[PDB]
Amino acid sequence: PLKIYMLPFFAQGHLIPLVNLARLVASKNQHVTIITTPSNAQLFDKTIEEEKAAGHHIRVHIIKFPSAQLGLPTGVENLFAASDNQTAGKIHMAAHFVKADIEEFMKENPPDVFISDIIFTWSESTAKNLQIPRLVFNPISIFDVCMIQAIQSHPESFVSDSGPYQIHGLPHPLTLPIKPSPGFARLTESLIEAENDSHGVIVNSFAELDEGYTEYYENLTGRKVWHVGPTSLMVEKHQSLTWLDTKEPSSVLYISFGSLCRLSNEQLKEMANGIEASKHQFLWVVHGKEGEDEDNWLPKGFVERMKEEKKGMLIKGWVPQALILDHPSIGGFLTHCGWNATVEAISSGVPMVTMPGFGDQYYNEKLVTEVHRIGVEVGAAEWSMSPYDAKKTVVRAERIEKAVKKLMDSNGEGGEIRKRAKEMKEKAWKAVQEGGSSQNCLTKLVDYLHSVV
Ligand SMILES: O=c1ccn([C@@H]2O[C@H](COP(=O)(O)OP(=O)(O)O)[C@@H](O)[C@H]2O)c(=O)[nH]1
Ligand SMILES: [Cl-]
Ligand SMILES: [Cl-]
Ligand SMILES: [Cl-]
């Protein structure tokens, strides 16, 4: 059994995929330690207790979050607790400050293998000075870094002031309506750089989804890709459901952007008009609007006609999203294309209507709509690097209405996309089931680590 230390970054889209990888590797009779901070460990300690109770050798080593060095108040230890770019940048800076406590812990208790999130750039020098193999963990598909690199390597394609823009050199032709904003290629230098006797990159995706981009990346960097994901699938009555029980199969568009990527008042109004003009049934979940005048973010009397024509339901608060996406009445998912939303949509076979909000979501959109055609693209109006900055432009209602109609209408393109989405669901569960690509690759990874030690 190997001694494997796993270092997640302090963000939910990074933390939970790496924790799930930790549960998978522990389930293969390995000694796994997750190194994290107190507020983050309490997001999954109950799962760890259940794994320990099943005989799996998995534990959490607590390190102090550098709140004092950053001037952050206690309990602000992940991006979900940040509310502005300054705080978000400080949490990114925290990845550098934890280096001393982690290096000290590893010089005293050296493990056999060190697995660290892409962000901890110091992990390379730490593994060399301790003479220990290190693998990088990428919590999303390898397609994103490929799209980024293709953009970076073709600056002549983005010289025009107005789009569309062509992305060349990839397995698929890709287009962008808006050019990437300065700094779009952050947190990729560790992934794009060539190999220096690399043990590979662990990728939270599956081979079928990344097909072609796996080879593009390996050819570009020389580094092996280990597809072991989606790890959230590998480790496997609310009034909304009651309303859905009255609707025809695949007849309801589910709309949810969550809390981080919540839309502006002007954007919510454009959305309601486009959704209403689409004439399709909808389940719209909005966060952070309880006790606010609906006229501030909805058209006049939107909710009145919404219930009179029996078209839509608007929920202000938390909904069981996993059960909603599994309900047969849902026929579409309008969302921001975050990785977790993308994986959940795939796992439920639900086609997406893509409206990316910030960051990696513009690349996730293209994987969904232009590579795999398991969703429909609304059309971005602004490229934002941050979820907290207010957008100077808005996605107009006709674009939202046209995209919903394109997916939800029967006689057209939506039938193919709906069928492709159902087939990707089967491919995703097959990859994580017994004998699937990601289960086989996880076994080969652990075997390879044994021969490296
Ligand atoms: O009303 C809600 C909002 C979110 N979620 C779950 O919370 C995660 C997504 O949270 P959120 O959208 O806030 O995260 P973001 O993608 O914006 O970072 C997923 O597992 C969803 O299933 C949920 O169950 N109900
Ligand atoms: Cl996942
Ligand atoms: Cl917005
Ligand atoms: Cl295989």
# chains A, B, ... in the order shown; residues from 1 in each chain; ligands from 1
$ residues_around --residues "stretch 339-350 of chain A" --least-positions-apart "6" --cutoff "9 Å" --atoms "only C-alpha atoms" --output "number ranges by chain"
A: 13, 139-141, 230, 232-233, 250, 321-322, 325-327, 330-333, 360-361, 364-365, 368, 374-375, 418-426, 428-429
$ write_last_selection --atoms "N, CA and C atoms" --output "mmCIF file, in the first residue's frame"
data_model
loop_
_atom_site.group_PDB
_atom_site.id
_atom_site.type_symbol
_atom_site.label_atom_id
_atom_site.label_comp_id
_atom_site.auth_asym_id
_atom_site.auth_seq_id
_atom_site.Cartn_x
_atom_site.Cartn_y
_atom_site.Cartn_z
ATOM 1 N N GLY A 13 -15.062 23.647 -6.826
ATOM 2 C CA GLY A 13 -14.824 22.918 -8.058
ATOM 3 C C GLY A 13 -13.482 22.221 -8.108
ATOM 4 N N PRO A 139 -8.893 19.439 -12.301
ATOM 5 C CA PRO A 139 -10.253 19.077 -11.886
ATOM 6 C C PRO A 139 -11.306 19.190 -12.978
ATOM 7 N N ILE A 140 -10.927 19.525 -14.213
ATOM 8 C CA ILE A 140 -11.853 19.625 -15.331
ATOM 9 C C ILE A 140 -11.267 18.889 -16.536
ATOM 10 N N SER A 141 -11.991 18.949 -17.651
ATOM 11 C CA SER A 141 -11.557 18.313 -18.887
ATOM 12 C C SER A 141 -10.266 18.938 -19.401
ATOM 13 N N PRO A 230 -15.640 11.318 -14.509
ATOM 14 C CA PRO A 230 -15.845 12.357 -13.486
ATOM 15 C C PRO A 230 -15.849 11.710 -12.111
ATOM 16 N N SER A 232 -17.039 12.482 -9.356
ATOM 17 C CA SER A 232 -18.318 12.526 -8.650
ATOM 18 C C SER A 232 -19.217 11.367 -9.063
ATOM 19 N N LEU A 233 -19.078 10.884 -10.293
ATOM 20 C CA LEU A 233 -19.803 9.693 -10.714
ATOM 21 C C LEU A 233 -19.088 8.411 -10.314
ATOM 22 N N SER A 250 -39.801 15.524 -20.892
ATOM 23 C CA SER A 250 -38.878 16.386 -21.642
ATOM 24 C C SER A 250 -39.503 17.719 -22.044
ATOM 25 N N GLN A 321 -31.454 19.896 -6.894
ATOM 26 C CA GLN A 321 -31.091 19.969 -8.307
ATOM 27 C C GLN A 321 -30.871 18.585 -8.907
ATOM 28 N N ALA A 322 -30.266 17.671 -8.143
ATOM 29 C CA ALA A 322 -29.982 16.340 -8.664
ATOM 30 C C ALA A 322 -31.266 15.589 -8.992
ATOM 31 N N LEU A 325 -32.917 17.301 -12.187
ATOM 32 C CA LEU A 325 -32.292 16.905 -13.447
ATOM 33 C C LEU A 325 -32.581 15.455 -13.808
ATOM 34 N N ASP A 326 -32.868 14.600 -12.821
ATOM 35 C CA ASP A 326 -33.244 13.214 -13.081
ATOM 36 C C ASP A 326 -34.732 13.034 -13.372
ATOM 37 N N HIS A 327 -35.538 14.076 -13.204
ATOM 38 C CA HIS A 327 -36.970 13.955 -13.421
ATOM 39 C C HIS A 327 -37.268 13.868 -14.917
ATOM 40 N N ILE A 330 -37.970 17.127 -17.255
ATOM 41 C CA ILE A 330 -36.959 18.105 -17.643
ATOM 42 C C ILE A 330 -36.424 17.746 -19.024
ATOM 43 N N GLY A 331 -36.468 18.706 -19.944
ATOM 44 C CA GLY A 331 -35.965 18.485 -21.285
ATOM 45 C C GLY A 331 -34.816 19.400 -21.651
ATOM 46 N N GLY A 332 -34.394 20.248 -20.717
ATOM 47 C CA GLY A 332 -33.318 21.182 -20.992
ATOM 48 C C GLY A 332 -32.809 21.818 -19.720
ATOM 49 N N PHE A 333 -31.573 22.315 -19.797
ATOM 50 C CA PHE A 333 -30.881 22.893 -18.645
ATOM 51 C C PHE A 333 -30.181 24.168 -19.104
ATOM 52 N N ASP A 360 -13.484 29.606 -16.826
ATOM 53 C CA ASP A 360 -13.464 28.383 -17.619
ATOM 54 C C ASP A 360 -14.796 28.083 -18.288
ATOM 55 N N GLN A 361 -15.864 28.809 -17.952
ATOM 56 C CA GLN A 361 -17.175 28.443 -18.476
ATOM 57 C C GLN A 361 -17.281 28.682 -19.977
ATOM 58 N N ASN A 364 -15.928 25.383 -21.382
ATOM 59 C CA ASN A 364 -16.900 24.315 -21.158
ATOM 60 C C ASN A 364 -18.066 24.416 -22.132
ATOM 61 N N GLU A 365 -18.486 25.640 -22.455
ATOM 62 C CA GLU A 365 -19.573 25.817 -23.412
ATOM 63 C C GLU A 365 -19.237 25.172 -24.753
ATOM 64 N N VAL A 368 -19.429 21.495 -24.973
ATOM 65 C CA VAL A 368 -20.813 21.033 -24.968
ATOM 66 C C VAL A 368 -21.487 21.269 -26.320
ATOM 67 N N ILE A 374 -24.208 18.403 -27.358
ATOM 68 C CA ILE A 374 -25.125 18.001 -26.306
ATOM 69 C C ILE A 374 -25.757 19.221 -25.644
ATOM 70 N N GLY A 375 -25.724 20.359 -26.327
ATOM 71 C CA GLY A 375 -26.332 21.576 -25.828
ATOM 72 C C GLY A 375 -26.394 22.598 -26.940
ATOM 73 N N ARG A 418 -30.923 16.395 -28.113
ATOM 74 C CA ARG A 418 -31.491 15.610 -27.024
ATOM 75 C C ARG A 418 -31.010 14.164 -27.082
ATOM 76 N N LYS A 419 -30.951 13.582 -28.283
ATOM 77 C CA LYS A 419 -30.484 12.203 -28.403
ATOM 78 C C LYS A 419 -28.998 12.089 -28.069
ATOM 79 N N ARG A 420 -28.183 13.031 -28.555
ATOM 80 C CA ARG A 420 -26.759 13.027 -28.223
ATOM 81 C C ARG A 420 -26.538 13.162 -26.722
ATOM 82 N N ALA A 421 -27.366 13.967 -26.051
ATOM 83 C CA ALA A 421 -27.221 14.145 -24.609
ATOM 84 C C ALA A 421 -27.511 12.849 -23.865
ATOM 85 N N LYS A 422 -28.554 12.128 -24.286
ATOM 86 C CA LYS A 422 -28.864 10.836 -23.679
ATOM 87 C C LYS A 422 -27.750 9.826 -23.925
ATOM 88 N N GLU A 423 -27.125 9.880 -25.101
ATOM 89 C CA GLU A 423 -26.051 8.938 -25.392
ATOM 90 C C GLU A 423 -24.790 9.264 -24.608
ATOM 91 N N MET A 424 -24.513 10.552 -24.395
ATOM 92 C CA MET A 424 -23.361 10.915 -23.579
ATOM 93 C C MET A 424 -23.564 10.482 -22.134
ATOM 94 N N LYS A 425 -24.811 10.509 -21.651
ATOM 95 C CA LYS A 425 -25.106 9.968 -20.329
ATOM 96 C C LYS A 425 -24.655 8.515 -20.225
ATOM 97 N N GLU A 426 -24.997 7.703 -21.228
ATOM 98 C CA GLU A 426 -24.586 6.302 -21.227
ATOM 99 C C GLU A 426 -23.072 6.173 -21.296
ATOM 100 N N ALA A 428 -20.884 8.308 -20.196
ATOM 101 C CA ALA A 428 -20.280 8.754 -18.946
ATOM 102 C C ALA A 428 -20.404 7.690 -17.862
ATOM 103 N N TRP A 429 -21.575 7.059 -17.742
ATOM 104 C CA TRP A 429 -21.740 6.043 -16.707
ATOM 105 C C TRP A 429 -20.972 4.773 -17.051
#
$ select_by_dssp --residues "stretch 138-339 of chain A" --states "strand (DSSP E or B)" --output "MDAnalysis selection string"
chainID A and resid 138 165:167 174:176 201:203 225:227 252:256 281:286 312:316 330:335
$ residues_around --residues "residue A:285" --least-positions-apart "4" --cutoff "9 Å" --atoms "only C-alpha atoms" --output "PyMOL selection string"
chain A and resi 254-258+313-319
$ residues_around --residues "residue A:359" --least-positions-apart "3" --cutoff "9 Å" --atoms "only C-alpha atoms" --output "JSON, numbers by chain"
{"A": [184, 356, 362, 363, 383, 384, 385, 386, 387]}
$ write_last_selection --atoms "N, CA, C and O atoms" --output "short mmCIF file (atom, residue, chain, number, x, y, z; two decimals), in the first residue's frame"
data_model
loop_
_atom_site.label_atom_id
_atom_site.label_comp_id
_atom_site.auth_asym_id
_atom_site.auth_seq_id
_atom_site.Cartn_x
_atom_site.Cartn_y
_atom_site.Cartn_z
N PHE A 184 -6.98 35.67 -19.83
CA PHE A 184 -7.80 34.48 -20.00
C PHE A 184 -7.02 33.19 -19.81
O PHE A 184 -7.63 32.14 -19.58
N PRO A 356 -22.54 31.06 -20.54
CA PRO A 356 -21.38 31.10 -19.65
C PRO A 356 -21.22 32.46 -18.98
O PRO A 356 -21.53 33.51 -19.55
N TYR A 362 -16.50 29.62 -20.52
CA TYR A 362 -16.53 29.84 -21.96
C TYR A 362 -15.93 28.67 -22.72
O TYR A 362 -16.30 28.42 -23.87
N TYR A 363 -14.99 27.94 -22.10
CA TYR A 363 -14.44 26.76 -22.76
C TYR A 363 -15.37 25.56 -22.58
O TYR A 363 -15.59 24.80 -23.53
N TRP A 383 -16.81 38.78 -22.23
CA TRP A 383 -15.87 37.81 -21.66
C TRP A 383 -15.40 38.36 -20.32
O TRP A 383 -14.67 39.35 -20.27
N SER A 384 -15.83 37.71 -19.24
CA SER A 384 -15.51 38.14 -17.89
C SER A 384 -14.59 37.12 -17.24
O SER A 384 -14.85 35.91 -17.30
N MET A 385 -13.52 37.60 -16.61
CA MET A 385 -12.61 36.74 -15.87
C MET A 385 -13.09 36.45 -14.45
O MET A 385 -12.56 35.54 -13.81
N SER A 386 -14.08 37.19 -13.95
CA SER A 386 -14.46 37.10 -12.55
C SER A 386 -15.97 37.05 -12.38
O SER A 386 -16.71 37.76 -13.08
N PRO A 387 -16.46 36.22 -11.45
CA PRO A 387 -17.91 36.17 -11.20
C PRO A 387 -18.45 37.39 -10.48
O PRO A 387 -19.68 37.59 -10.48
#
$ atom_distance --atom1 "atom CA of residue A:201" --atom2 "atom CA of residue A:115"
9.5 Å
$ closest_atom_pairs --of "chain A" --to "ligand 4" --cutoff "12 Å" --atoms "only C-alpha atoms and all ligand atoms" --output "tab-separated table"
residue	atom	partner	partner_atom_place_in_ligand_line	distance
A:206	CA	ligand 4	1 (Cl)	10.3
A:207	CA	ligand 4	1 (Cl)	8.4
A:208	CA	ligand 4	1 (Cl)	10.1
A:226	CA	ligand 4	1 (Cl)	11.4
A:227	CA	ligand 4	1 (Cl)	10.2
A:228	CA	ligand 4	1 (Cl)	11.2
A:430	CA	ligand 4	1 (Cl)	10.8
A:431	CA	ligand 4	1 (Cl)	8.5
A:432	CA	ligand 4	1 (Cl)	10.9
A:433	CA	ligand 4	1 (Cl)	11.7
A:434	CA	ligand 4	1 (Cl)	11.1
A:435	CA	ligand 4	1 (Cl)	7.7
A:436	CA	ligand 4	1 (Cl)	6.4
A:437	CA	ligand 4	1 (Cl)	4.2
A:438	CA	ligand 4	1 (Cl)	7.5
A:439	CA	ligand 4	1 (Cl)	8.5
A:440	CA	ligand 4	1 (Cl)	6.1
A:441	CA	ligand 4	1 (Cl)	7.1
A:442	CA	ligand 4	1 (Cl)	10.5
A:443	CA	ligand 4	1 (Cl)	10.9
A:444	CA	ligand 4	1 (Cl)	10.3
